[PDB]
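Chains as they are written, first to last, in the deposited numbering: chain A, 1496 to 1544; chain B, 1414 to 1447; chain C, 2702 to 2802, 2820 to 2894.
The beta carbon of each residue, even a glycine, is placed where N, CA and C say it ideally should be.
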């Protein structure tokens, strides 16, 4: 939903659980529906496009 | 606030990306790559 | 000879009323930012000595008289841009935002928007029309008072960038 775009910079938080290979995201204090499951021994580089 | 023992025993890491005002969020992707 | 385009016969469509309201609220927000940064005296009451005139209440809370001072410039702006045969419409994004939805101002920065070649060209051309309107008014008043020749009464091409900055930024603001 179209926000005011002035309250604060859009802060997306990436969380990685290496013990379980779980990748989760937080939009603004709220957990996003999109999540990922990675194979063991994977190396993940924090990236922004 | 946080639990020191949980932090010591955990394997969960975090970072955050702040898209500044004036940059359209639809043109920014955030996550991980190999 | 300053000859601004005629807007007497043109009528703004009904769907543009929401646009006019939003632009007028945004202009009031910018103006509140400007004066509060300047050091203006906040508007709790109507006192002449302490310079508390405009009351800076929310545009919701402004009366119809104070609403018109912002809407009217937008009114002739839309009238000018439509008198040139231009096609303005509310797209799927506008439909989506329509479906979606004491005064502390909050005004979004507008310089962040990137303007294209064609919109930029029509921006300079409408800024030229704005300068023509101002030049006509200035000429009328100067031979009304019967004296003086204003240096800025010069063709828009002969105007400098700093002198054209007002009209350029107003055109960029409306297009953005």
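Check: Reduced DSSP secondary structure (H/G/I, E/B, other) of residue 2841 (chain C); Outcome: helix
Check: Whole-angstrom distance between residue 2799 (chain C) and residue 1496 (chain A), CA atom to CA atom; Outcome: 11 Å
Check: Pick from C:2726, C:2753, C:2840 and C:2882 that is closest to residue 2737 (chain C), judged by C-alpha positions; Outcome: C:2753
Check: With 16 other Cβ atoms within 10 Å as the buried cut-off, status of residue 2853 (chain C); Outcome: buried
Check: Under 9 Å by beta carbon: chain C residues contacting residue 1523 (chain A); Outcome: Going along chain C, no residue has its Cβ under 9 Å from residue 1523 (chain A), so there is no contact; the nearest lies around 17 Å.
Check: For residue 1508 (chain A) and residue 1424 (chain B), believed in contact at Cβ under 8 Å, the rounded distance; Outcome: Incorrect: roughly 17 Å between the Cβ atoms, too far for contact.
Check: Validate contact between the segment 2718-2727 of chain C and the segment 2858-2869 of chain C using beta carbons, cut 8 Å, 3 pairs; Outcome: no
Check: Terminal residues of the beta strand (DSSP E) in which residue 1529 (chain A) lies; Outcome: 1526-1532
Check: CB contact below 9 Å: residue 1438 (chain B) versus chain C; Outcome: no
Check: Local conformation of residue 2764 (chain C) per DSSP, three classes; Outcome: coil
Check: Spatially closest choice to residue 2707 (chain C) from C:2764, C:2724, C:2747 and C:2781, by CA coordinates; Outcome: C:2781
Check: Reference residue 2885 (chain C); option with closest CA among C:2848, C:2856 and C:2776; Outcome: C:2848
Check: Cutoff 9 Å: residue 2713 (chain C) Cβ touching any chain B Cβ; Outcome: no
Check: Same chain, Cβ closer than 6 Å to residue 1531 (chain A), five either side skipped, listed in chain order; Outcome: 1518
Check: Cα-Cα separation between residue 2844 (chain C) and residue 1436 (chain B), rounded to whole angstroms; Outcome: 27 Å
Check: Nearest-angstrom Cα separation, counted from residue 2772 (chain C) out to residue 2725 (chain C); Outcome: 6 Å
Check: Buried versus exposed call for residue 2765 (chain C) [16 or more other C-beta atoms within 10 Å across all chains shown]; Outcome: exposed
Check: Residue 2750 (chain C) to residue 2705 (chain C) span [Cα, whole Å]; Outcome: 40 Å
Check: Between the CA atoms of residue 1525 (chain A) and residue 2879 (chain C) - distance to the nearest angstrom; Outcome: 48 Å
Check: Beta-bridge partners of residue 1540 (chain A), as assigned by DSSP; Outcome: B:1446
Check: Backbone CA spacing between residue 1516 (chain A) and residue 1426 (chain B) [nearest angstrom]; Outcome: 11 Å
Check: Host alpha helix (DSSP H) of residue 2788 (chain C) (start-end); Outcome: Careful: residue 2788 (chain C) lies outside any alpha helix (DSSP H) and carries neither H nor E.
Check: CB contact below 9 Å: residue 1526 (chain A) versus chain F; Outcome: Here the protein chains are A, B and C, and chain F is not one of them.
Check: Sequence-distant residues of the same chain with beta carbon closer than 6 Å to residue 1537 (chain A), five excluded per side; Outcome: none
Check: Beta carbon proximity, residue 2797 (chain C) to chain A, threshold 9 Å; Outcome: yes
Check: Nonlocal neighbours in the same chain, by C-beta distance under 7 Å from residue 2728 (chain C), ignoring five residues either side; Outcome: 2771
Check: Residue 2772 (chain C), DSSP secondary structure in three states; Outcome: helix
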